[PDB]
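Right, one structure below, let's go through it.
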Amino acid sequence: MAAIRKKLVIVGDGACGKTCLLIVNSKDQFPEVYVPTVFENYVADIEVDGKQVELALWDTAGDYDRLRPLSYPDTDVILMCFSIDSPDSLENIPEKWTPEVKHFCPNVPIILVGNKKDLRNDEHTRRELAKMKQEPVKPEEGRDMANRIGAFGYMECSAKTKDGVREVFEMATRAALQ
Ligand SMILES: Nc1nc2c(ncn2[C@@H]2O[C@H](COP(=O)(O)OP(=O)(O)O)[C@@H](O)[C@H]2O)c(=O)[nH]1
Ligand SMILES: [Mg+2]
């Protein structure tokens with residue numbers, strides 16, 4: 001056994017699924033009834049490529065705007081997260097969110113998460129994004145937006161479906177052990 005202890009702060013706009021990522025990964029079941037603003041005070045255990053890490057998993061909001069700065073220190077990994085149904089949200093990833101880390105977090109890893117993977121091959125999205133014609137975010141459009149900013153790694157995922165969720169945390173593990 002070991003005891004590697006690593007902070008992870010999840011940053012981003014509203015409606016990416018921050019807290020549905022933070023919860024679901026904990027409990028392994030989507031909050032279908034009610035979800036808070038923020039869900040904090042959580043540790044994941046991840047036994048990955050040999051090493052066992054205690055990956056502490058924090059969060060942020062905006063509703064608590066003046067709390068983003070209080071949560072940045074000691075970060076061993078940032079989860080900057082966007083939502084594929086709000087490509088307007090990848091538009092903030094370069095203005096704000098990256099402009100904030102390199103103030104409250106000089107260096108520090110970033111792993112780009114692209115949530116709401118489900119609202120991509122949907123009707124009501126292709127019917128609404130496409131009503132402002134905004135074709136839901138494609139993979140290589142993100143993947144390479146993550147290269148620009150610095151993301152040692154790229155991820156997308158769903159928390160309704162739960163496919164990816166562990167890798168969005170496991171890839172971070174390695175990211176805090178790199
Ligand atoms: N379709 C879909 N909706 C999601 C998913 N994850 C979260 N949501 C929606 O996002 C809502 C709230 O987003 P939340 O997790 O609070 O975002 P935050 O403000 O960024 O922390 C949930 O109540 C769901 O309606 C997902 O994987 N797929
Ligand atoms: Mg929430």
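In the structure tokens, the first chain shown is A, the next is B, and so on; residue numbers restart at 1 for each chain, and ligands run from 1 in the order shown.
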
Quick one: which chain A residues come within 7 Å of ligand 1, and what is the nearest atom pair for each with the distance in Å to one decimal, counting only C-alpha atoms and all ligand atoms, rows ordered by chain and ascending number, as a Markdown table?
```
| residue | atom | partner | partner_atom_place_in_ligand_line | distance |
| --- | --- | --- | --- | --- |
| A:12 | CA | ligand 1 | 20 (O) | 6.4 |
| A:13 | CA | ligand 1 | 20 (O) | 5.8 |
| A:14 | CA | ligand 1 | 19 (O) | 3.8 |
| A:15 | CA | ligand 1 | 17 (O) | 4.1 |
| A:16 | CA | ligand 1 | 20 (O) | 4.4 |
| A:17 | CA | ligand 1 | 15 (O) | 3.1 |
| A:18 | CA | ligand 1 | 21 (O) | 3.6 |
| A:19 | CA | ligand 1 | 15 (O) | 4.0 |
| A:20 | CA | ligand 1 | 15 (O) | 4.0 |
| A:21 | CA | ligand 1 | 15 (O) | 6.6 |
| A:35 | CA | ligand 1 | 23 (O) | 5.9 |
| A:36 | CA | ligand 1 | 16 (O) | 6.7 |
| A:37 | CA | ligand 1 | 16 (O) | 5.7 |
| A:38 | CA | ligand 1 | 21 (O) | 6.1 |
| A:61 | CA | ligand 1 | 19 (O) | 6.5 |
| A:115 | CA | ligand 1 | 27 (O) | 5.8 |
| A:116 | CA | ligand 1 | 28 (N) | 3.9 |
| A:117 | CA | ligand 1 | 27 (O) | 6.2 |
| A:118 | CA | ligand 1 | 1 (N) | 5.4 |
| A:119 | CA | ligand 1 | 1 (N) | 5.3 |
| A:157 | CA | ligand 1 | 27 (O) | 6.9 |
| A:158 | CA | ligand 1 | 27 (O) | 3.7 |
| A:159 | CA | ligand 1 | 27 (O) | 3.8 |
| A:160 | CA | ligand 1 | 27 (O) | 4.5 |
| A:161 | CA | ligand 1 | 27 (O) | 6.6 |
```

Inset, instruction - Would you return as an MDAnalysis selection string the members of stretch 13-49 of chain A that DSSP assigns to strand (DSSP E) on this structure's backbone? - result: chainID A and resid 43:47

Inset, instruction - Would you list the contacts of stretch 91-102 of chain A as a list in words, taking every protein, DNA or RNA residue within 10 Å and counting only C-alpha atoms, but skipping same-chain residues closer than 2 positions in sequence? - result: residues 11, 12, 13, 68, 69, 72, 75, 78, 80, 81, 82, 86, 87, 88, 89, 104, 105, 106, 107, 108, 109, 110, 112, 145, 146, 148, 149 and 150 of chain A

Legend entry - Computed interatomic separation between atom CA of residue A:25 and atom CA of residue A:170 (Å):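 A separation of 11.1 Å between them.
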
Inset, instruction - Pick out the closest residue to ligand 2 from this set: A:125, A:60, A:29, A:41. Count only C-alpha atoms and all ligand atoms. - result: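 Comparing A:125, A:60, A:29, A:41 against ligand 2, the winner is A:60.
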
Legend entry - Given only C-alpha atoms as the counted atoms, nearest of A:32, A:85, A:76, A:122 to residue A:57: A:76

Legend entry - Nearby residues (only C-alpha atoms) at most 9 Å from residue A:26, same-chain spacing under 2 positions excluded, as a VMD selection string: chain A and resid 21 to 24 28 to 29 42 to 44

Find the spatial neighbours of residue A:123, counting only C-alpha atoms, within a cut-off of 12 Å - ignore same-chain residues fewer than 5 positions away - and output them as a PDB file with N, CA and C atoms, in the first residue's frame.
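Saved to around29.pdb:
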```pdb
ATOM      1  N   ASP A  85     -23.116  20.555 -25.455  1.00  0.00           N
ATOM      2  CA  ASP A  85     -24.381  21.198 -25.779  1.00  0.00           C
ATOM      3  C   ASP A  85     -24.295  22.721 -25.639  1.00  0.00           C
ATOM      4  N   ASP A 118     -23.734  12.766 -24.251  1.00  0.00           N
ATOM      5  CA  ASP A 118     -25.011  12.220 -24.687  1.00  0.00           C
ATOM      6  C   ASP A 118     -25.746  13.220 -25.584  1.00  0.00           C
ATOM      7  N   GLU A 128     -31.774  22.158 -31.794  1.00  0.00           N
ATOM      8  CA  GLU A 128     -31.730  23.454 -31.133  1.00  0.00           C
ATOM      9  C   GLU A 128     -30.381  24.116 -31.378  1.00  0.00           C
ATOM     10  N   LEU A 129     -29.301  23.381 -31.113  1.00  0.00           N
ATOM     11  CA  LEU A 129     -28.002  23.864 -31.532  1.00  0.00           C
ATOM     12  C   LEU A 129     -28.120  24.225 -33.010  1.00  0.00           C
ATOM     13  N   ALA A 130     -28.756  23.333 -33.794  1.00  0.00           N
ATOM     14  CA  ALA A 130     -28.955  23.531 -35.226  1.00  0.00           C
ATOM     15  C   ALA A 130     -30.039  24.569 -35.527  1.00  0.00           C
ATOM     16  N   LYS A 131     -30.740  25.075 -34.494  1.00  0.00           N
ATOM     17  CA  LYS A 131     -31.712  26.151 -34.654  1.00  0.00           C
ATOM     18  C   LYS A 131     -31.007  27.495 -34.475  1.00  0.00           C
ATOM     19  N   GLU A 135     -23.703  23.187 -34.691  1.00  0.00           N
ATOM     20  CA  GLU A 135     -23.516  21.737 -34.678  1.00  0.00           C
ATOM     21  C   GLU A 135     -22.741  21.256 -33.441  1.00  0.00           C
ATOM     22  N   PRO A 136     -23.391  20.541 -32.486  1.00  0.00           N
ATOM     23  CA  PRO A 136     -22.731  20.037 -31.274  1.00  0.00           C
ATOM     24  C   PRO A 136     -21.265  19.635 -31.388  1.00  0.00           C
TER      25      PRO A 136
END
```

Inset, instruction - Take atom CA of residue A:175 and atom CA of residue A:77 and report the distance between them in Å, one decimal. - result: 6.7 Å

Inset, instruction - Have a look at atom CA of residue A:143 and atom CA of residue A:177 and let me know their distance in Å, one decimal. - result: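 If I compute the distance from atom CA of residue A:143 to atom CA of residue A:177, I get 21.5 Å.
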
Legend entry - Selected residue of minimal separation from ligand 2 among A:52, A:127, A:59, A:7, counting only C-alpha atoms and all ligand atoms: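 Ranking A:52, A:127, A:59, A:7 by distance to ligand 2, first place goes to A:59.
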
Inset, instruction - Going by DSSP on the backbone, which bits of stretch 2-174 of chain A are alpha helix (DSSP H)? Write them as a ChimeraX atom specification, please. - result: /A:18-27,98-104,123-126,139-143,145-149,165-174

Writer output for current selection, C-alpha atoms, as a compact mmCIF listing (two decimals), in the first residue's frame:
```txt
# COMPACT_ATOMS: atom_id res chain seq x y z
CA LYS A 18 -19.32 19.57 -12.85
CA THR A 19 -21.24 18.32 -9.83
CA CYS A 20 -22.87 15.48 -11.76
CA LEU A 21 -19.34 14.35 -12.54
CA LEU A 22 -18.17 14.75 -8.95
CA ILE A 23 -21.20 13.02 -7.51
CA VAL A 24 -21.68 10.28 -10.11
CA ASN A 25 -17.97 9.22 -9.86
CA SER A 26 -18.36 9.01 -6.08
CA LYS A 27 -21.63 7.04 -6.05
CA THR A 98 -7.38 29.43 -18.63
CA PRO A 99 -6.74 33.15 -17.81
CA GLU A 100 -7.49 32.23 -14.18
CA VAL A 101 -5.32 29.17 -13.60
CA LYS A 102 -2.12 30.98 -14.72
CA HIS A 103 -2.97 33.50 -12.03
CA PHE A 104 -4.12 31.30 -9.14
CA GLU A 123 -32.54 15.19 -31.61
CA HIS A 124 -33.41 18.10 -29.30
CA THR A 125 -29.76 19.26 -29.57
CA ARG A 126 -29.28 18.82 -33.33
CA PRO A 139 -14.07 15.48 -30.85
CA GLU A 140 -11.04 16.88 -32.73
CA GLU A 141 -12.42 20.42 -32.23
CA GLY A 142 -12.10 19.87 -28.49
CA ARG A 143 -9.04 17.59 -28.47
CA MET A 145 -8.60 23.16 -28.16
CA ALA A 146 -6.98 21.25 -25.28
CA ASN A 147 -3.60 21.40 -27.05
CA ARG A 148 -3.70 25.19 -27.33
CA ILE A 149 -4.25 25.81 -23.60
CA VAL A 165 -16.01 9.04 -15.77
CA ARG A 166 -13.22 6.91 -14.23
CA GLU A 167 -10.75 7.95 -16.94
CA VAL A 168 -11.49 11.68 -16.38
CA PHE A 169 -10.16 10.96 -12.86
CA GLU A 170 -7.62 8.21 -13.72
CA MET A 171 -5.95 10.29 -16.41
CA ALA A 172 -5.68 13.03 -13.76
CA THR A 173 -4.02 10.56 -11.37
CA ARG A 174 -1.23 10.06 -13.92
```

Legend entry - Closest of A:8, A:73, A:83, A:30 to residue A:58 - atom-to-atom distances counting only C-alpha atoms: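 Result for the nearest residue to residue A:58: A:8.
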